[PDB]
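Heads up: numbering here begins at 1 and tracks the sequence. Because only heavy atoms are used, hydrogens play no part in the values below, and waters and symmetry mates are left out as well, while side chains stay in.
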Amino acid sequence: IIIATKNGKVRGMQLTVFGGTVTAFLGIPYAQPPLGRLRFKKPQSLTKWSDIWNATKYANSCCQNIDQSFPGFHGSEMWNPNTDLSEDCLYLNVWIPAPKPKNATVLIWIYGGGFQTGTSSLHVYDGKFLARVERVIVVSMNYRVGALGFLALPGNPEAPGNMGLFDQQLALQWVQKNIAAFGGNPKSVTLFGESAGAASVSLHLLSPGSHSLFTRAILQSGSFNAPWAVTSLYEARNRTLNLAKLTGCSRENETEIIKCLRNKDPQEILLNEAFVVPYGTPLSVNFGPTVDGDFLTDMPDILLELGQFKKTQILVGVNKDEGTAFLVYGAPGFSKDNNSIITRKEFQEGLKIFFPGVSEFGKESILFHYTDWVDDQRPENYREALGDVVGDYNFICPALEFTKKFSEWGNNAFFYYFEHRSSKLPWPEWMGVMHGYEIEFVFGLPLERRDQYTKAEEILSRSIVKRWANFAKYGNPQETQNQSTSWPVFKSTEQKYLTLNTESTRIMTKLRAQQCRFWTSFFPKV
Ligand SMILES: *[C@@H]1O[C@H](CO[C@@H]2O[C@@H](C)[C@@H](O)[C@@H](O)[C@@H]2O)[C@@H](O[C@@H]2O[C@H](CO)[C@@H](O)[C@H](O)[C@H]2NC(C)=O)[C@H](O)[C@H]1NC(C)=O
Ligand SMILES: *[C@@H]1O[C@H](CO[C@@H]2O[C@@H](C)[C@@H](O)[C@@H](O)[C@@H]2O)[C@@H](O[C@@H]2O[C@H](CO)[C@@H](O)[C@H](O)[C@H]2NC(C)=O)[C@H](O)[C@H]1NC(C)=O
Ligand SMILES: CC(C)(C)OC(=O)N1CCC[C@H](C[NH2+]CCOc2cccc3c2ccn3Cc2ccccc2)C1
Ligand SMILES: *[C@@H]1O[C@H](CO[C@@H]2O[C@@H](C)[C@@H](O)[C@@H](O)[C@@H]2O)[C@@H](O)[C@H](O)[C@H]1NC(C)=O
Ligand SMILES: *[C@@H]1O[C@H](CO)[C@@H](O)[C@H](O)[C@H]1NC(C)=O
Ligand SMILES: *[C@@H]1O[C@H](CO)[C@@H](O)[C@H](O)[C@H]1NC(C)=O
Ligand SMILES: *[C@@H]1O[C@H](CO)[C@@H](O)[C@H](O)[C@H]1NC(C)=O
């Protein structure tokens, strides 16, 4: 089966899914390979081809450093690239239902990974289940990460910043020009993403050049106002310079620095990325979105606060234990291979790791607000508190504050709190409902009865998949047939949200109220 696109013909492949068929187009190029003279620049439009492009395998993943903290462990290694790294990585995938749809809603996935890592080819991003089950079209794209995707010399078009975001945007563009040929409705496009993918989605809501490239948006465990999601022009330029020094590329002509960085091998840029921040951490967003005056015209907190964003519906949510995963990537006394009971002094040391440039008073105030124990003697008190600190600060309270503020400008918003721990989760139990482990439910992996998910999990994924698809098609994430709890609109006053679990889906109000008044109202002053 061959589809004629604006740039040439592309050949796909047939997939058997649940006694049905899905047509997959894996690895369609959507931009000139950003190579040589093109490294660090915005993505350039693709010159047509005459032949038939074979889009039958995932393309190259973009260059990136790899998580090597747990070699051989599926809990970490399932997130690492599963295709060759290359700078030639600006490709996208398309899953379409078979038989070919007539006017199908399109779902576009944007992966996370702190803007330093990630790839669309991961097993948990397989769109074939959504296409089969809900008859939507699923699109995902690779986008540049790290310095190669977000190196910033603001104003300088040789390295303007936000290239990876313009990569995402050129892909949304491609869907607008082409998806009708695949049976998709370019007027019914829902972006969805997780973590840095969700922050990306929220920034497309703010960027005028994306306003007309999509309809609705879903934000899973991420938003641009998260403290890790936007690099300051101060940090960015200090980081660009440190990368220059580290590679022998320091110059006075800012443009000649870039020319110098353009001759370095991709691996020399990767090696030196970690050290551009003196507070070196494997959790460091070394190179991320900036206020570039192109993609972002202003500081996004101002745009959010003053209503300068796309007026549409959003679906936003978080997981119960967003913070735990990060505790084994540097916090003292923590291990995935034991229950990580930590002392007060280990907790205090963990705050220093996660809040590096923060005053002593700032850290004491975190301790004060998170160590008023319901029981003094519980040995896991400090271990649980540090997880909640990292998750509330980095994910939950920014997503809640994003939703309140977005909804105050009159748009329907829906907030969820995912609290199911996957029965297959390879990480230990004290880690709970981890960051990233709703994704397989969203993509319908538990719908495949053959892979050891329980029956309760099949049903939960089935409902979630239905709610996501109804949100994308109809702006309203209900499951209307199986006497399901109705999902209320999130309002700035009521703050109602829906819990997602295998047992009882219920309606609650004002998630982490006390914790988020601390993080959102007080802590930004310290
Ligand atoms: C901004 O950058 C300077 C320079 O960073 C140093 O050089 C880089 C190539 C890289 O290898 C970093 O690890 C280096 O730290 C920072 O200044 C350094 O600060 C640390 C501690 O703050 C100090 O021990 C070093 O001696 C300093 N080096 C120099 C040359 O001043 C600076 O902290 C960075 N951040 C800010 C906010 O200014
Ligand atoms: C849980 O484990 C951590 C990590 O220690 C490593 O992993 C273990 C599973 C085991 O293989 C150890 O030999 C490894 O070193 C423990 O943290 C260490 O604790 C000891 C004594 O308290 C200390 O000397 C080390 O510096 C610690 N390492 C750190 C902080 O990175 C922790 O004590 C274990 N906790 C429990 C309750 O078992
Ligand atoms: C891949 C996925 C997004 C689904 O889940 C995860 O990332 N993990 C869950 C399990 C551990 C593995 C580490 N992830 C690999 C590299 O990802 C990053 C690199 C750098 C910064 C990052 C990230 C991710 C977030 N931030 C921002 C940040 C948030 C909070 C505290 C400090 C930083 C995967
Ligand atoms: C593109 O593919 C054409 C047909 O390939 C068919 O499907 C793939 C998956 C293989 O199983 C192959 O044996 C089949 O014939 C090729 O004939 C054609 O040469 C390919 N073109 C390029 C440029 O690779
Ligand atoms: C698809 O739906 C849009 C409205 O959402 C409509 O304008 C367009 O003509 C439709 N295209 C079809 C049915 O081919
Ligand atoms: C050097 O800097 C000048 C401005 O001072 C700029 O116009 C020129 O393009 C730069 N040269 C190169 C080779 O980039
Ligand atoms: C509704 O329940 C039926 C069983 O009666 C099940 O087969 C179906 O998948 C459910 N639909 C949704 C959207 O959960």
Side-chain angles (χ1 to χ4, degrees), residues 1-30 46 48-61 78 81-84 89-111 119-142 171-172 174-186 188-190 192 439-453 458 461-462 465-466 468-469 472-473:
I1 173 78
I2 284 161
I3 300 290
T5 80
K6 300 281 152 202
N7 303 107
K9 291 186 186 196
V10 312
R11 158 179 298 112
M13 84 208 214
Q14 305 271 69
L15 309 182
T16 290
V17 189
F18 303 153
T21 297
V22 169
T23 310
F25 299 83
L26 305 194
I28 308 175
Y30 70 90
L46 203 42
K48 306 172 50 183
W49 58 92
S50 327
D51 35 301
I52 288 179
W53 185 287
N54 284 346
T56 47
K57 65 158 146 63
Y58 286 118
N60 296 322
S61 299
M78 73 195 264
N82 59 345
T83 67
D84 281 291
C89 64
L90 296 190
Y91 305 82
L92 55 78
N93 319 291
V94 184
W95 291 266
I96 74 161
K100 198 182 131 155
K102 308 288 279 200
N103 216 12
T105 284
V106 181
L107 266 57
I108 303 182
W109 175 253
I110 302 182
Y111 57 76
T119 194
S120 61
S121 43
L122 299 185
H123 172 58
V124 291
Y125 306 150
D126 205 328
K128 75 193 191 187
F129 302 120
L130 288 159
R132 172 60 181 117
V133 170
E134 294 298 330
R135 303 248 315 157
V136 293
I137 282 169
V138 183
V139 172
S140 65
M141 91 294 288
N142 286 351
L172 313 186
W174 180 100
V175 165
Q176 286 299 299
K177 281 127 118 183
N178 292 283
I179 205 67
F182 295 82
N185 184 3
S188 192
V189 177
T190 294
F192 73 138
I439 297 179
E440 61 210 77
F441 288 77
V442 161
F443 276 88
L445 269 68
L447 301 181
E448 179 81 89
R449 277 185 253 131
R450 323 211 268 222
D451 319 76
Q452 321 156 267
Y453 295 94
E458 175 198 347
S461 181
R462 180 72 199 91
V465 163
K466 175 54 77 184
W468 263 233
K473 304 167 148 146

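Of the residues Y30, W49, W53, the one that meets the side chain to side chain contact (heavy atoms under 4.5 Å, CB included) test with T5 is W49. Considering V189, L92, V138 as possible partners of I108, the one that fulfils the side chain to side chain contact (heavy atoms under 4.5 Å, CB included) test is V189. Residue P186 forms a side chain to side chain contact (heavy atoms under 4.5 Å, CB included) with just one option from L172, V106, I179, and that option is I179.
Aromatic ring orientation, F182 versus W174: tilted (interplanar angle from 30° to 60°).
Side chains of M78 and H123 form no contact here, defined as non-hydrogen atoms less than 4.5 Å apart. In this structure, the side chains of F192 and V442 come closer than 4.5 Å at one or more pairs of heavy atoms. Residues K177 and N7 form no side-chain contact, since every pair of their non-hydrogen atoms from C-beta on lies 4.5 Å or further apart. In this structure, the side chains of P97 and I137 come closer than 4.5 Å at one or more pairs of heavy atoms. No side-chain heavy atom of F443 sits under 4.5 Å from any side-chain heavy atom of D126. With a 4.5 Å cut-off on side-chain heavy atoms, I3 and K9 do not count as touching.
Side-chain atoms of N54 do not come within 3.5 Å of backbone N or O of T56 as any donor-acceptor pair. Side-chain atoms of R135 never come within 3.5 Å of backbone atoms of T105 as a donor-acceptor pair (strictly under, hydrogens ignored). At distances below 3.5 Å, not a single donor-acceptor pair connects side-chain atoms of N60 with backbone N or O atoms of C89.
Residues in residues 15-24 take part in these side-chain hydrogen bond (donor to acceptor under 3.5 Å, both in side chains) pairs, two or more places apart or across chains: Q14-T23.
Remark: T83 OG1 to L26 CG distance equals 11.0 Å, nearest 0.5 Å. In this structure, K100 NZ and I1 CD1 are separated by 7.0 Å, a value rounded to the nearest 0.5 Å.
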| message | Evaluate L447 against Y453 for side chain to side chain contact (heavy atoms under 4.5 Å, CB included), listing each step before the verdict. | response | CA-CA 8 Å; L447 301 181; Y453 295 94; over 6 Å; no

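Under the side-chain contact (heavy atoms from CB on, under 4.5 Å) criterion, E448 pairs with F18, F129, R450, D451, sequence neighbours left out.
Minimum heavy-atom separation, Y58 to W95: OH-CZ2, 3.5 Å.
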